[PDB]
Structures are given as structure tokens and as C-alpha cells.
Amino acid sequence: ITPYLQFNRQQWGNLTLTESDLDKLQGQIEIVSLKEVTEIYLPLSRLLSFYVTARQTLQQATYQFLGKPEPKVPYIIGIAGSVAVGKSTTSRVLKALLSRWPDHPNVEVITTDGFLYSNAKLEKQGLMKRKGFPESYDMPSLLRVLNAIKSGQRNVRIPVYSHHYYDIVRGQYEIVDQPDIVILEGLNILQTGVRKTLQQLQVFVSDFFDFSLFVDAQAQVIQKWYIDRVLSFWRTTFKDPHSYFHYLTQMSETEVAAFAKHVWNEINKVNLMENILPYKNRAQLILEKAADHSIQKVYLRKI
């Protein structure tokens, strides 16, 4: 007994990329592969479009019925999963693909790491080894942004987090202006809030989105992707003397891998097990990845 439709890869294979798709997918096709974009994310994007389009139709039928002239608000798709599981990559692929459909061409990504407390604030509270954990986020700010978007507010400012500087970038904002679809990606989007008091009003990030995807893989597999991501930066980004992690460039490859493994085991893996995984089954759609990133199983809530 299961509340999910279940597909292996062949079953998912029961639509074609245009020059336009390839262009919007630039730099991401190399990472994800033409095969995988074609066989998985393109159909995924079509499936998600059925949902977005259904919601648009409902909005129009109900607002006509209710005699409200108010315009639609965005359909928000949540992308959750461990650090390094591929949330950002998936969000970029889907942003490019979802935008090919004429009923929802305007598609934006919001990452929740923009709502991390700054290092200075984390450092003061002794939370620097807890980035990504619930207590490391400005939740009121996140909920305020999601509330704004779902209230139809124009030109909502999104704060920005630089992985390069490992910190919030003061005075830097992306603008999300009532697009058709928001892809909200983050570690923490399926979690609930901290109850300061019993009587404090409680809403969750999920109360502001319509559909969630969880990207799953085995912990040992994600570890390797994480170490490899760190290593890739070690060979490129971290050479910048202004990079937060420039000091890793003085370490040998083996030493960066060990340090990567250490950060994985004491920070991101604990976060995964304590704060991310437990909320996996709140997702409407679970993408299960093999070690090579290929999607080998999709779960989709029955409707």
C-alpha cells in the first residue's frame, strides 16, 4: 500500500529538445547530459506543466465564479534534498525546460541559502559549523518573501548568498516579480518552524508552495558528489585569493578530500539525517538518483 505512483526509468520513458532549450540549458547540459535531460527532465517538465496549467485553469474558473478580478499568483515548486544532491542543478534544468511552455514562460529560482544568517551573526551565536541547519536561517524573512509572492506582491527582493565568499552578500538582491512559476530550492523547505511559544502562529514553507520534489540518493553517494564538488572548486574557484576557502588551495588534493569528508560527516550528513531526510515523504515527487546522477526511480503522489 503506497500513496505514490512508482516509475523505474523504462516506465518513465512512456516531446523533443529545441535549439531554444539547448541554449537555456547551456553549461548545464554538459553536467547533466543530453540523454538525461531528454529522457528525464523534459518529461518531468511536461508533467509539472500539467499541474501548473491545471492551477491556472482553476484560478480562472474560480475567480470568475467568485467574481474576483485579482490576478493569479505564482505556482511554486519546491526542490528539496541533501547538500550536494543536485537541488541547484535540477532547479536550473527545470527552470530552462518549464519556460518552453507558453502558459508559463516566466520561471524563477529562489534558493533558501540567501536566507542564511550572515557569518558574523552565526559566529556570534556559535553556529558557523551549523550552516544549513534550521537555526542558521532567518525564517521570518523567508516566510515574509514567500508570503509576499503568494499575496501577489510585485518586485519581491530576494537576498543572495555567495558560496564563493561563504556568506550573505550585503545589499544584494535578486528580483522575483510575479512570474508564472517559482522553483524554491533549499535543504529546509519541507521542515516546520521552531515554536518559540505554544501560542505563536505557525506556518511552514510548504504552506506557500504547490508541489515539492525531493532529490534522493544514498548518503555515501552524495558524500562523493560533495567531496568532488569541493575538489572541483579547489581546482578552480578557490584559487581566487578573495575566496573564503582560499586556504584549502595550500592543501594537497588528499588533504582537501579528507577535509571535505570531515565537513560532510560532522555537518552536512548530520543535517541530512536530522533535518532533511525525515521530511522526505512530504514531497509530492521523489527523484531517486544512482551514483552517476542518473534518475533510476521516480515517486509521484497519487491523485
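Residues carry their position along the shown sequence, with the first being 1.
- Where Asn14 is followed by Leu15 in the displayed chain, the model omits 4 to 9 of the deposited residues that sit between the two.
- Higher average CA B factor: 219-227, of the stretches 180-188 and 219-227.
- Per-stretch averaging of Cα B factors for 67-75 and 145-153 places 67-75 on top.
- Comparing the C-alpha B-factors of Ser82, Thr89, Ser136, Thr197 in the entry, the top value falls on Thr197.
- Taking the deposited Cα B-factors for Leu97, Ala120, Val109, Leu213, the highest one is held by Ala120.
- For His293, the recorded CA B-factor ranks within the middle third of the chain. Only modelled residues enter the ranking.
- In the deposited entry, the Cα temperature factor of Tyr161 sits in the middle third of values across the chain's modelled residues.
- For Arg235, the recorded CA B-factor ranks within the highest third of the chain. Only modelled residues enter the ranking.
- When all modelled residues of the chain are sorted by CA temperature factor, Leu272 is found within the middle third.
- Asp167 sits in the highest third of its chain by CA B factor, as recorded in the PDB entry.
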